[PDB]
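Below is one structure, written out as structure tokens; the observations come after it.
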Amino acid sequence: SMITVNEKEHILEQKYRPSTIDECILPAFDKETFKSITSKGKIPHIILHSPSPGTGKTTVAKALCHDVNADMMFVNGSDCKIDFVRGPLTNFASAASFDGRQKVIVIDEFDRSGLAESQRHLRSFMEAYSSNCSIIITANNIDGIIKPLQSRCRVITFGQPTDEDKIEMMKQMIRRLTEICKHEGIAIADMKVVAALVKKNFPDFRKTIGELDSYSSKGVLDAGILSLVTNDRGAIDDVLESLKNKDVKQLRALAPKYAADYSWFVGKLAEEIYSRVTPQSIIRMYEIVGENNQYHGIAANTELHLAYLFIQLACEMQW
Amino acid sequence: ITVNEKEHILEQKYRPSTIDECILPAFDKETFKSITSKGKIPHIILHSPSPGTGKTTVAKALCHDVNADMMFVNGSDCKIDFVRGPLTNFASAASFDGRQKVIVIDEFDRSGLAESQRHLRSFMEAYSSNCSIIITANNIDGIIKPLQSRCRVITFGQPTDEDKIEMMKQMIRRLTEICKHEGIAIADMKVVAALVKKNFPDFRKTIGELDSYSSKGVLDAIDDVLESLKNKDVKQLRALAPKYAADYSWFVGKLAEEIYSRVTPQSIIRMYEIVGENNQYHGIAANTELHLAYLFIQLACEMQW
Amino acid sequence: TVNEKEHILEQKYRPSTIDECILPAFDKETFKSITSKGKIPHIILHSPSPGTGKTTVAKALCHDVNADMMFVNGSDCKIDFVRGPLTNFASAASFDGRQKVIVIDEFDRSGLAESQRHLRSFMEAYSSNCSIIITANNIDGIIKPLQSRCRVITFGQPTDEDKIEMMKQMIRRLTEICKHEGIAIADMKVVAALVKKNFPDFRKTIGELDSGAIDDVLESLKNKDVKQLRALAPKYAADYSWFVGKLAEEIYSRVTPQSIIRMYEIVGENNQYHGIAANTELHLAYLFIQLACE
Amino acid sequence: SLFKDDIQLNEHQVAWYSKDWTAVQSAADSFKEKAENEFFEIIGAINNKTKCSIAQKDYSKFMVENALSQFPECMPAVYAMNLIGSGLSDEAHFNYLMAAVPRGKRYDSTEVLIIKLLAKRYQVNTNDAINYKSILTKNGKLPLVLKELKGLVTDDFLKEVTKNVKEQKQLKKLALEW
Amino acid sequence: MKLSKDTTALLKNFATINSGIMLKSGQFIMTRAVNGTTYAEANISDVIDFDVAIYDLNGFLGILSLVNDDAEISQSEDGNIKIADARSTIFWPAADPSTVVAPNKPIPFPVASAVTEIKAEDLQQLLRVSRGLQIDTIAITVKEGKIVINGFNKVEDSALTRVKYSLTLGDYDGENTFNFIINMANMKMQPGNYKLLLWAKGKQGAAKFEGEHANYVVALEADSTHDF
Amino acid sequence: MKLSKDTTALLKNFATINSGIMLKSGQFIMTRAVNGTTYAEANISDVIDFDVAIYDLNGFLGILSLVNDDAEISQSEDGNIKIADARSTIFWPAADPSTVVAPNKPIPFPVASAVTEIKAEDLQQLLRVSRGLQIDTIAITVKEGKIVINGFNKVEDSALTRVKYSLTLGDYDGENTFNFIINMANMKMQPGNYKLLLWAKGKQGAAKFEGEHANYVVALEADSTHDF
Amino acid sequence: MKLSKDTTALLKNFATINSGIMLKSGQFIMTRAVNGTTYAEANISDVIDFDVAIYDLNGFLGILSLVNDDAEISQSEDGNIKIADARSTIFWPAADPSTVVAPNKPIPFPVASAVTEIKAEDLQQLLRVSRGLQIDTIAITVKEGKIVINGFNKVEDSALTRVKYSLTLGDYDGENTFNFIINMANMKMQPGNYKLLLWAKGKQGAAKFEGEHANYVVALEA
DNA sequence: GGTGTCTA
DNA sequence: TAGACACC
Ligand SMILES: Nc1ncnc2c1ncn2[C@@H]1O[C@H](COP(=O)(O)OP(=O)(O)O)[C@@H](O)[C@H]1O
Ligand SMILES: [Mg+2]
Ligand SMILES: [Mg+2]
């Protein structure tokens with residue numbers, strides 16, 4: 001309906017992959033900058049890079065082609081060794097189409113280190129037939145694409161929206177998750193659990209639809225499941241409050257609670273202590289937490305090593 | 001002012017053809033006429049090091065000006081297989097008439113190319129009688145010592161204050177003529193000499209920016225982190241860290257590389273302890289994004305430059 | 001039992017079976033206990049005191065189970081070596097239908113970390129045909145998922161009863177070989193003064209016949225010279241964990257009270273950072289100078 | 001040669017012209033600086049604080065490290081590079097030492113064969129295998145085991161020892177003096 | 001179904017155009033290079049009696065040649081392919097159609113812009129010489145009232161200025177200049193004689209070689225030029 | 001000694017089992033794979049007149065085929081091998097026995113658990129097909145009153161569930177189920193007809209292929225089941 | 001000119017001696033290894049009608065074999081080589097003579113120091129065995145009243161002490177010892193029977209193999 | 001150093 | 001099959 005369904009797919013983050021550029025949830029400018037492209041009908045050489053997965057890169061690549069009725073060659077970037085670029089990719093950039101269809105090569109996940117030579121071989125190849133065929137590169141890490149290549153492409157960078165844009169996207173994503181539940185026969189009890197998914201892992205709209213699949217085990221999102229979404233990345237308040245109060249009994253007890261995922265917790269901690277504390281204490285909170293994080297995995301008892309952080313912080317932090 | 005039509009980038013499409021049309025410092029220009037008059041080109045390595053001065057451009061034009069039979073090969077491309085087949089083919093394959101054979105090997109300072117270099121030092125002993133070699137380098141140390149023996153290495157750069165004054169003028173005047181062919185408009189002539197100043201050495205850089213701005217047919221990288229460490233702020237650094245979490249091993253390498261030059265000698269000894277210790281403990285560290293944040297602060301504190 | 005051709009006493013007299021080894025009470029019975037079932041699980045035999053002859057026990061358990069046995073120096077067990085020879089070995093059912101047992105000696109060598117992880121799926125892969133026996137000085141050098149598929153058996157603290165009885169066993173055995181080797185016994189307190197000199201390490205004591213004190217270093221630190229220290233360092237690189245313990249022990253008595261507080265900061269800090277340190281030989285050198293100074 | 005009054009033809013002409021690439025390849029190889037002279041070239045720069053770059057050069061973190069550790073004035077920096085030195089760029093670990101150690105002045109294969117030999121014969125580690133060379137060379141003098149175990153030298157086995165003509169020199173050495 | 005030595009001959013060839021194939025019940029087989037630069041179609045004497053996708057078509061054909069000719073290919077109980085011999089039975093995997101590139105339909109070829117022919121031994125010389133001279137691109141063009149093919153080595157000569165090879169197909173009646181460039185890498189036709197039908201509309205272009213056994217359409221490169 | 005074309009035929013085959021060989025004076029040759037998973041033995045028509053270890057047996061055989069058949073192999077003055085031709089003399093190195101792997105003795109094969117036969121062209125199809133289908137393990141088992149061989153690709157199918165190939169050797173009289181798994185890598189027998197003798201005791205097992213020219217014993221894999 | 005299958009056979013061989021060749025109008029072709037250690041000369045049935053240097057002779061010959069036999073090789077309008085077929089025309093580059101090594105003149109071979117012969121299948125066994133035993137140097141010498149060839153592997157045996165191969169050419173009448181060493185790398189002769197003429201003056205030496213189709217001189221030392 | 005990947 | 005490059 002208002003949502004594309006690949007319908008040959010059970011996997012559901014992919015059953016629901018947007019077919020066009022409108023159905024795509026993107027920042028205001030990049031959507032217009034993409035709308036702009038599809039209207040003119042001839043696509044430039046683009047790099048869409050995340051890094052963080054799930055933002056729309058390889059969906060937008062396919063959509064640009066759909067919307068232009070491109071003659072598209074989709075290609076696993078890992079498979080592009082230099083012989084493949086000299087061979088089939090050349091054979092294609094050179095060919096005359098004729099359906100009167102603009103040719104697009106989509107090289108997916110082209111950010112590999114050792115495809116450096118295939119990359120140097122494109123920098124000549126991209127100009128030679130830019131008349132005939134345009135190249136869309138998708139990457140997680142752009143530094144793995146050589147400069148001369150970036151330089152030949154418009155580099156559009158995903159996943160860093162403006163707070164205004166960030167808000168609109170979270171409204172549209174929530175709206176989407178709904179329309180997807182509708183079609184999957186999932187009943188939505190609380191709507192709070194659906195927005196919590198959208199916020200919880202935001203940049204990434206894949207996990208975001210992945211988490212949703214995860215929770216329909218009982219086909220309902222009730223407050224009983226809303227209780228679940230709060231907990232995993234949930235409130236650091238109990239600790240944040242005990243650090244202010246500078247007491248031990250509370251801290252000593254809170255430490256074993258978070259022993260489980262230290263890598264996640266320590267991240268959330270630095271995040272919320274940064275705002276709530278003095279500028280001078282920011283420089284210190286990083287030395288303390290950085291040093292702690294750094295030595296986790298050396299440390300025998302992780303529960304205690306976390307205790308050691310808390311005291312260290314209550315002493316030197318001021319607010 | 002010469003145009004290679006059918007060329008896309010202006011830097012490819014406006015490519016000074018003659019050693020005269022190249023914009024150069026005092027001795028440097030006289031030097032190449034000095035050479036172009038003797039009608040024969042010795043074994044040469046032009047090295048910049050500061051880019052965009054015109055290495056590869058002087059190289060090609062030295063061929064022109066002597067009416068060479070030129071073979072132009074980029075350095076990334078000149079390979080253990082190429083030196084043996086095409087290169088040898090051209091040297092020993094006979095052109096009748098006058099033309100003199102010259103093999104311009106471009107950007108031959110490249111990490112893995114050192115074997116292709118040795119193989120050529122020998123080549124030069126082999127084929128020098130029947131052709132002559134011009135290699136181009138950003139860093140001469142990218143070249144083996146023996147190529148620096150049978151090659152005359154002339155070093156570019158450093159125009160005298162006189163030359164600066166008179167080169168600027170030529171890149172300003174030369175910028176007008178491009179824009180005349182291109183149908184680009186110059187709204188302010190002080191804004192064109194704003195660009196000939198802003199990046200002065202860099203003659204190649206000035207032309208890419210120009211393409212960029214003609215969007216409306218008129219005139220008006222670790223950098224992000226390196227800049228945030230100088231500014232010693234956190235909000236920026238804190239935000240930049242997750243960006244590079246992906247490949248830490250690569251990033252931390254690039255970082256030590258560029259901070260080494262940009263910082264004080266005493267801070268070099270420290271930047272290594274800091275980065276070395278950090279790198280060392282990556283893979284122990286739970287949250288790699290934070291562990292990278294921990295590096296940045298540590299660096300902004302102790303680095304001074 | 002002798003192997004009457006071979007060129008080395010420890011090798012020529014190696015106890016064939018599990019009784020013939022000189023061992024602790026609880027330890028022999030545990031090992032009897034295993035071979036009793038006639039099939040060997042995955043085993044980690046761990047020392048850490050050397051010359052207690054891990055690889056000898058192991059070569060033995062295999063013999064008591066009548067298992068076809070592939071041996072590997074741990075140093076040599078590299079990723080690809082595991083991929084073909086071991087897999088070649090581990091895979092095939094044996095015409096005679098014994099158990100195939102891979103003995104990997106001293107798996108606590110270094111960059112072998114990766115071959116260790118390759119092995120996690122492997123060990124579950126051929127369980128019927130095969131078992132592995134890992135030999136370690138320090139368990140922390142066997143990765144935890146390997147520790148988990150394995151019986152960890154941990155060697156010896158001879159009981160005072162063990163002490164004496166082992167001692168008589170080491171005299172009547174050593175007696176017996178000097179017999180076969182036609183070596184003369186001039187005194188019978190010279191035999192037993194060997195069984196005592198280095199006790200828990202017999203493989204050692206037999207290697208003396210086939211021909212430590214920290215004094216050399218302790219003396220060089222007093223003399224405060226480098227040439228000697230610089231040279232002594234690589235000697236003890238092998239077991240740092242043992243040596244550093246012996247050092248703090250004897251320097252404690254021989255030095256001033258104020259220097260005791262310092263010797264601990266210095267050695268503690270050094271010990272603490274071993275395993276971070278690239279070159280262990282040099283890291284040991286760095287200790288020696290630091291000590292001679294303060 | 002068999003054509004008298006030929007012209008000149010240096011080593012390099014003959015190679016390239018005839019197109020045997022082993023001579024051309026060896027012709028390239030001869031020109032390059034000797035490893036040992038590079039290792040000496042470097043150590044002195046850190047020390048006497050003079051110019052040079054690497055990456056045109058063969059670099060052993062070990063060597064510099066070791067060779068440096070020689071003077072107690074260097075030892076502080078050799079240490080830091082020791083703990084920390086892993087995963088620094090060979091190039092970095094260069095520049096640390098450079099701006100680090102202030103002043104200046106400065107001043108196995110065969111056995112491996114024997115050892116990896118001994119461990120393979122008796123099925124034991126490379127640790128006893130050292131103690132085994134010891135227990136023999138002193139006592140029994142062990143050419144006599146070097147006699148029985150000359151038997152296994154197999155060509156394949158040489159490749160695990162070393163990578164070059166240095167190996168086939170060994171092949172014979174041990175076929176020799178026992 | 002059973003496949004004659006001629007059909008498998010053909011099929012081995014198609015396999016060079018694309019590593020897989022989609023076979024549909026009928027007397028017609030077709031394939032297209034994944035990059036869409038070369039298309040082949042043929043009528044065959046044997047009747048294909050079930051739809052099947054084959055992922056490695058070269059592998060499949062190798063196996064076939066290890067059985068007798070009467071070997072009866074049929075659909076497997078579980079759906080894969082079953083090659084049944086006198087005493088032996090082989091099982092080859094059917095492929096998910098979504099993983100094998102197939103042309104959509106056989107689009108009719110536009111009435112020809114130019115028509116000529118190429119003799120079996122000339123096509124052979126062209127291919128063979130091509131490896132030796134290193135001719136990676138050819139141009140069917142007009143010279144002196146005749147249709148000729150000119151080979152060029154595009155790595156060493158960018159513009160297609162220096163002509164390493166020339167072959168004269170037949171005289172040309174029309175007045176039109178056309179320089180039709182073809183990528184050697186895309187001439188996959190099995191050796192034989194071919195009616196050659198050239199067609200162009202503006203920047204679009206394609207050449208259809210029409211043989212006795214099959215047809216091949218192959219793209220003319222972007223630099224082809226014409227008066228059509 | 002002199003070696004006939006049949007003997008060297010045999011010897012070349014054994015060379016595939018193990019790169020070296022230990023030859024002992026007599027009419028009997030044997031070898032075993034270094035890994036002990038395959039053993040071969042044959043009586044030969046020629047008489048070997050001296051003990052010699054050959055390190056590269058394939059190389060030695062290549063040289064032989066470069067001399068006349070009457071070429072007389074003997075012990076060299078210094079102990080190596082001397083191949084003496086009409087006008088020529090070749091010298092090949094004798095190997096230290098301690099460097100080449102040999103079986104101890106020819107252990108008698110246990111009376112067979114099961115007996116069948118395999119025809120020369122069926123063993124050939126099996127080997128040949130095997131590279132094409134990528135069948136790395138086979139199973140001699142019972143189906144519908146007949147002894148069959150089933151090939152499987154163990155990398156893609158761990159359990160040996162999907163059967164890529166099946167060959168029917170002959171009917172089976174007994175009532176026992178046996179699933180005897182063999183590793184393709186261990187079927188080294190030279191082409192020909194073979195009595196096939198299967199034997200198992202509990203987890204132990206082996207298969208002996210008995211041909212006109214030689215015998216091959218080869219280990220059955222861990223997964224092997226049976227009620228024998 | 002046109003070249004018969006026999007001439008191109010010959011020319012392919014010469015290509016193994018030297019990668020290029022200098023052809024001169026006439027019925028006579030010749031070449032020499034760049035290193036001067038092996039020289040070949042042959043009269044051919046076809047007549048070469050123009051002077052031309054060919055840089056890659058192997059490549060040229062491969063091309064030839066792709067054309068009909070009647071294909072007419074001629075000088076190109078711009079001077080390079082033009083191979084003209086029935087319907088097709090190929091163009092191969094002429095080479096600057098200064099880049100290709102040719103012999104000056106055929107120098108008469110000195111009356112032989114020693115004379116023997118080598119049978120076609122013995123020369124074949126020698127070459128073939130040579131790759132397998134790794135014989136990189138051979139010695140024509142005297143043993144027990146007969147001329148023999150002894151192969152050695154010079155990398156593993158420096159002195160030429162251990163003889164891996166020996167072939168007996170014929171008995172030897174004279175009383176002279178000569179140990180004539182030859183480099184396998186220089187035995188380029190096409191297979192066939194050869195009169196073998198050995199010659200030496202002091203440190204100088206050469207061996208001339210004289211076959212039905214061509215002659216080969218190849219350097220020794222003694 | 002080891003392992004992996006790629007281009008030669 | 002090596003050496004170049006990259007990551008432990
Ligand atoms: N010295 C110069 N004079 C004129 N143009 C220059 C000069 N240097 C760079 N350019 C512009 O940049 C293009 C390529 O310059 P190049 O010589 O490759 O730069 P680099 O110094 O990095 O080799 C030229 O076509 C030209 O328009
Ligand atoms: Mg993607
Ligand atoms: Mg350039």
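Letters A, B, ... go to the chains of the structure tokens in the order shown; residues in each chain start at 1; ligands are counted from 1 in the same order.
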Worksheet item: So which residues touch residue F:57 within 12 Å, counting only C-alpha atoms (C1' of nucleotides), skipping near sequence neighbours fewer than 6 positions away, as a PyMOL selection string?
Response: chain F and resi 8+10-23+31+63-64+92-95+100
Discussion item. Give me the residues near stretch 1-7 of chain I as a list in words, where near means some atom within 10 Å (using only C-alpha atoms (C1' of nucleotides)) and where sequence neighbours in that chain fewer than 6 positions away do not count.
Written reply: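 My list of contacting residues is residues 113 and 114 of chain A; 111, 112, 113, 115, 249 and 250 of chain B; 87 of chain D; 3, 4, 5, 6, 7 and 8 of chain H.
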Those same residues, written as a PDB file, in the first residue's frame with N, CA and C atoms (P, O5', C5', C4', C3', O3' and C1' of nucleotides)?
ATOM      1  N   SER A 113      39.883  -1.944   1.649  1.00  0.00           N
ATOM      2  CA  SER A 113      41.265  -1.480   1.657  1.00  0.00           C
ATOM      3  C   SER A 113      42.061  -1.830   0.397  1.00  0.00           C
ATOM      4  N   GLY A 114      41.909  -3.065  -0.073  1.00  0.00           N
ATOM      5  CA  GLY A 114      42.804  -3.637  -1.058  1.00  0.00           C
ATOM      6  C   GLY A 114      42.182  -3.604  -2.418  1.00  0.00           C
TER       7      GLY A 114
ATOM      8  N   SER B 111      54.824   3.803  -2.721  1.00  0.00           N
ATOM      9  CA  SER B 111      55.402   2.870  -1.753  1.00  0.00           C
ATOM     10  C   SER B 111      55.961   1.542  -2.331  1.00  0.00           C
ATOM     11  N   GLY B 112      55.143   0.847  -3.123  1.00  0.00           N
ATOM     12  CA  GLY B 112      55.490  -0.480  -3.619  1.00  0.00           C
ATOM     13  C   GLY B 112      56.323  -0.517  -4.887  1.00  0.00           C
ATOM     14  N   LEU B 113      56.678   0.660  -5.376  1.00  0.00           N
ATOM     15  CA  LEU B 113      57.274   0.779  -6.699  1.00  0.00           C
ATOM     16  C   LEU B 113      58.795   0.649  -6.672  1.00  0.00           C
ATOM     17  N   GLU B 115      60.964  -1.805  -6.452  1.00  0.00           N
ATOM     18  CA  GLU B 115      61.477  -2.808  -7.398  1.00  0.00           C
ATOM     19  C   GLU B 115      61.431  -2.327  -8.859  1.00  0.00           C
ATOM     20  N   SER B 249      42.581   1.359  13.272  1.00  0.00           N
ATOM     21  CA  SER B 249      43.936   0.988  12.875  1.00  0.00           C
ATOM     22  C   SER B 249      44.418   1.888  11.744  1.00  0.00           C
ATOM     23  N   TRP B 250      43.533   2.199  10.792  1.00  0.00           N
ATOM     24  CA  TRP B 250      43.915   3.100   9.713  1.00  0.00           C
ATOM     25  C   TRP B 250      44.018   4.514  10.230  1.00  0.00           C
TER      26      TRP B 250
ATOM     27  N   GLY D  87      52.289  -1.844  16.991  1.00  0.00           N
ATOM     28  CA  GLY D  87      51.253  -1.128  16.270  1.00  0.00           C
ATOM     29  C   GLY D  87      51.526   0.351  16.028  1.00  0.00           C
TER      30      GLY D  87
ATOM     31  P    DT H   3      49.856 -18.620  11.340  1.00  0.00           P
ATOM     32  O5'  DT H   3      48.818 -17.651  10.613  1.00  0.00           O
ATOM     33  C5'  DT H   3      47.972 -16.785  11.375  1.00  0.00           C
ATOM     34  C4'  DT H   3      46.931 -16.024  10.548  1.00  0.00           C
ATOM     35  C3'  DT H   3      46.499 -16.585   9.193  1.00  0.00           C
ATOM     36  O3'  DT H   3      45.116 -16.319   9.053  1.00  0.00           O
ATOM     37  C1'  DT H   3      47.263 -14.401   8.866  1.00  0.00           C
ATOM     38  P    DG H   4      44.207 -17.205   8.069  1.00  0.00           P
ATOM     39  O5'  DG H   4      43.661 -16.138   7.007  1.00  0.00           O
ATOM     40  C5'  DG H   4      43.328 -14.832   7.487  1.00  0.00           C
ATOM     41  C4'  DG H   4      43.084 -13.794   6.405  1.00  0.00           C
ATOM     42  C3'  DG H   4      42.834 -14.285   4.974  1.00  0.00           C
ATOM     43  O3'  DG H   4      41.839 -13.416   4.465  1.00  0.00           O
ATOM     44  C1'  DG H   4      44.560 -12.664   5.015  1.00  0.00           C
ATOM     45  P    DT H   5      40.938 -13.807   3.193  1.00  0.00           P
ATOM     46  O5'  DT H   5      41.233 -12.636   2.181  1.00  0.00           O
ATOM     47  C5'  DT H   5      41.315 -11.328   2.642  1.00  0.00           C
ATOM     48  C4'  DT H   5      41.964 -10.503   1.566  1.00  0.00           C
ATOM     49  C3'  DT H   5      41.728 -11.050   0.158  1.00  0.00           C
ATOM     50  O3'  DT H   5      41.234  -9.988  -0.661  1.00  0.00           O
ATOM     51  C1'  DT H   5      43.978 -10.561   0.499  1.00  0.00           C
ATOM     52  P    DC H   6      40.657 -10.295  -2.118  1.00  0.00           P
ATOM     53  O5'  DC H   6      41.596  -9.447  -3.051  1.00  0.00           O
ATOM     54  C5'  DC H   6      42.225  -8.378  -2.419  1.00  0.00           C
ATOM     55  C4'  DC H   6      43.288  -7.796  -3.317  1.00  0.00           C
ATOM     56  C3'  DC H   6      43.142  -8.278  -4.743  1.00  0.00           C
ATOM     57  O3'  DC H   6      43.480  -7.202  -5.545  1.00  0.00           O
ATOM     58  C1'  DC H   6      45.282  -8.929  -3.875  1.00  0.00           C
ATOM     59  P    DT H   7      43.144  -7.234  -7.109  1.00  0.00           P
ATOM     60  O5'  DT H   7      44.520  -6.803  -7.784  1.00  0.00           O
ATOM     61  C5'  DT H   7      45.550  -6.154  -7.013  1.00  0.00           C
ATOM     62  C4'  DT H   7      46.866  -6.204  -7.755  1.00  0.00           C
ATOM     63  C3'  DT H   7      46.752  -6.582  -9.231  1.00  0.00           C
ATOM     64  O3'  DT H   7      47.747  -5.895  -9.997  1.00  0.00           O
ATOM     65  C1'  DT H   7      48.033  -8.219  -8.101  1.00  0.00           C
ATOM     66  P    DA H   8      47.906  -6.201 -11.559  1.00  0.00           P
ATOM     67  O5'  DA H   8      49.314  -6.942 -11.641  1.00  0.00           O
ATOM     68  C5'  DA H   8      50.242  -6.889 -10.541  1.00  0.00           C
ATOM     69  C4'  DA H   8      51.491  -7.670 -10.875  1.00  0.00           C
ATOM     70  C3'  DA H   8      51.456  -8.385 -12.225  1.00  0.00           C
ATOM     71  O3'  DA H   8      52.097  -7.588 -13.226  1.00  0.00           O
ATOM     72  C1'  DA H   8      51.899  -9.961 -10.517  1.00  0.00           C
TER      73       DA H   8
END
Discussion item. Which residues are near ligand 2 in this structure, taking near to mean any atom at most 12 Å from a ligand atom and counting only C-alpha atoms (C1' of nucleotides) and all ligand atoms? Format them as a VMD selection string.
Written reply: chain A and resid 14 17 48 to 62 74 to 77 106 to 111 137 to 141 158 204 to 206
Discussion item. How would you report the residues lying within 10 Å of ligand 3, as a list in words, if you count only C-alpha atoms (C1' of nucleotides) and all ligand atoms?
Written reply: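 My answer, listing the contacting residues, is residues 12, 51, 52, 53, 54, 55, 56, 57, 59, 74, 75, 106, 107, 136, 137, 138 and 204 of chain B.
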Discussion item. For a test of reading the model, state the distance in Å between atom CA of residue G:93 and atom CA of residue G:16, rounded to one decimal.
Written reply: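 Atom CA of residue G:16 lies 19.8 Å from atom CA of residue G:93.
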Item to complete: Would you give me, as a ChimeraX atom specification, the residues of chain G that come within 8 Å of chain B, using only C-alpha atoms?
Response: /G:55,93-96,99-100
Worksheet entry | Environment of ligand 1 within 10 Å, counting only C-alpha atoms (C1' of nucleotides) and all ligand atoms, reported as a VMD selection string | chain B and resid 2 to 4 9 to 25 29 46 to 61 106 to 107 136 to 138 156 to 157 167 170 to 171 174 to 175 178 201 to 208
Discussion item. Need the shell around stretch 253-257 of chain B: protein/DNA/RNA residues with any atom at most 8 Å away, counting only C-alpha atoms (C1' of nucleotides). Skip same-chain ones fewer than 5 positions apart. Format as a PyMOL selection string?
Written reply: (chain B and resi 222+271-272+275) or (chain D and resi 88-89+92)
Residues from the last selection, N, CA, C and O atoms, saved as a compact mmCIF listing (two decimals), in the first residue's frame:
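Generated output (again35.txt):
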# COMPACT_ATOMS: atom_id res chain seq x y z
N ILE B 222 41.86 14.19 7.30
CA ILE B 222 41.82 14.19 8.76
C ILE B 222 41.61 15.61 9.26
O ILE B 222 41.58 15.86 10.46
N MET B 271 53.27 12.84 21.65
CA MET B 271 52.22 12.34 20.77
C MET B 271 52.41 10.83 20.52
O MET B 271 51.44 10.12 20.26
N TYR B 272 53.64 10.34 20.58
CA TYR B 272 53.89 8.92 20.34
C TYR B 272 53.58 8.09 21.56
O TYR B 272 53.04 7.00 21.45
N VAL B 275 49.58 8.13 21.59
CA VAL B 275 48.98 7.34 20.52
C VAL B 275 49.43 5.89 20.58
O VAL B 275 48.66 4.97 20.34
N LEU D 88 52.73 0.79 16.40
CA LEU D 88 53.22 2.07 15.92
C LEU D 88 53.68 1.80 14.50
O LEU D 88 53.99 0.66 14.16
N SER D 89 53.69 2.84 13.67
CA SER D 89 54.18 2.73 12.30
C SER D 89 55.68 2.55 12.36
O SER D 89 56.33 3.20 13.17
N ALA D 92 56.91 5.68 12.58
CA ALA D 92 56.70 6.40 13.84
C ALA D 92 57.75 6.03 14.86
O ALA D 92 58.49 6.87 15.37
